[PDB]
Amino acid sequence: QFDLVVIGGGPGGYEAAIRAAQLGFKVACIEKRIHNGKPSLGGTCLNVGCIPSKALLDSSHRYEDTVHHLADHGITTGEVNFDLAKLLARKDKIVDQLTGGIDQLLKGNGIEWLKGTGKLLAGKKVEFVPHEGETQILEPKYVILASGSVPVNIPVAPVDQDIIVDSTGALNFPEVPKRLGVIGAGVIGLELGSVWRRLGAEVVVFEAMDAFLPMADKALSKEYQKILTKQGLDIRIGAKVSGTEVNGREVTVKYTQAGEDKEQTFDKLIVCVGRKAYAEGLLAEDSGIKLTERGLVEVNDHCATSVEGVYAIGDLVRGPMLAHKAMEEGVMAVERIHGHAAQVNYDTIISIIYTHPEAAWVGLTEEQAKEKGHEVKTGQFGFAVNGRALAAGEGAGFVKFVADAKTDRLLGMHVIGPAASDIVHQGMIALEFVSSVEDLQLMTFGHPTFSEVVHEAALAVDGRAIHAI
């Protein structure tokens, strides 16, 4: 007998299950994934997404760093080699450890992991079809839909798991492709392209839109594109793929650019133009759940669906398709079910791109602030002259703040540089506390540290950074 049934065992689903167990609910988490013959919790994030991509980014970064960034330190290595199979096996081991860890967490919280598929029926009943055995009809009072996402498909570039792959296949190439095409220049394509480029592939990253990273602050995307291009990442803009032709162990990409039909041949092609909500087999025709024209489950600000007691979260519903967004939505849904007015602040959700250097941002871009009626003032300071960055040999990028000129209210923070993914949390925290730019100016930041650039950027908003020319 379960009070709450969660359909989906990804970041959203398992976080919700754990929080519910902490609050006294009798919980079931239904998750169908079987990864290399083992049922596995963790969703996209752990099994074929965030974690594996971060592992390959770290290993490939170490390789590039060893070949190209040791000479200035007076360090020599002679030959430098990588064994791709060992590099990939390390990633697989990390994934195994982490998915085993979540399984242990559910067991420790007294949560039952139902291995199989779940479907929401009328009256909030849930059909559980196990991998092996008798189908069960559960009758919970509450249900959290957390079915996540899958890759967007491009009909003219069909994935075959061999020459043309999606992000899953891109994390598993058995050899480094000599020529690699990547369709999509969002966070996923930039990261996957960087991994293989560092390991020796000649990479072309296609972006069909006329703009690079459209949701990022324009100053950030402009500088970031410049930085990635400088590293050898060939980002091709205004290129719309119109067809593909697989001939043996090669694939030719036909694309339109500047009104002309062009072509380029690659050894492997990655299709990563985004992800879409996945809800196949999620809802019975009489579930009573309202859908949107774009394929999402409709919810309000608190993730509540049209059916009382049924919440929907993560990549399945509106908002940035990020792991932490799914996790906090899971917690919010459970707390709401339990009567607490929990709320995710969608204006303080962090975005990170794990390239090197990293890019990260939170809050409003300069354009968004202007669009929303703010009289805007901005300020930025670079890592180029930062003592810590020079010592580390990582003097590139900057910290930019967006603020209100009338109230001095901090509205957004945009960063490219060392420790960007952890530095952006400083801005996120300041935003949660409704910080003014002055609040940050009055604080003592450690010296020498990458973080003091944050302080200098705060001073620069009012044109008074100490170390500015």
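Position 1 is the first residue in the sequence shown; the rest follow in order.
In this entry, the higher average B-factor at the C-alpha atoms falls on 368 to 376, of the pair 368 to 376 and 67 to 75.
Of the two segments examined, 330 to 338 and 385 to 393, it is 385 to 393 that shows the higher average Cα temperature factor in the deposited entry. Taking only the listed residues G186, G169, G314, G288, the entry reports the highest CA temperature factor at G288.
Among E358, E202, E245, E191, the highest C-alpha B-factor recorded in the PDB entry belongs to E245. Compared with the other modelled residues of the chain, the Cα B-factor recorded for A157 ranks in the middle third. Sort the chain's modelled residues by C-alpha temperature factor and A16 lands in the lowest third, per the entry. For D83, the recorded CA B-factor ranks within the middle third of the chain. Only modelled residues enter the ranking. When all modelled residues of the chain are sorted by CA temperature factor, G363 is found within the lowest third.
Ranked against the other modelled residues of its chain, the C-alpha B-factor of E432 as given in the entry falls in the lowest third.
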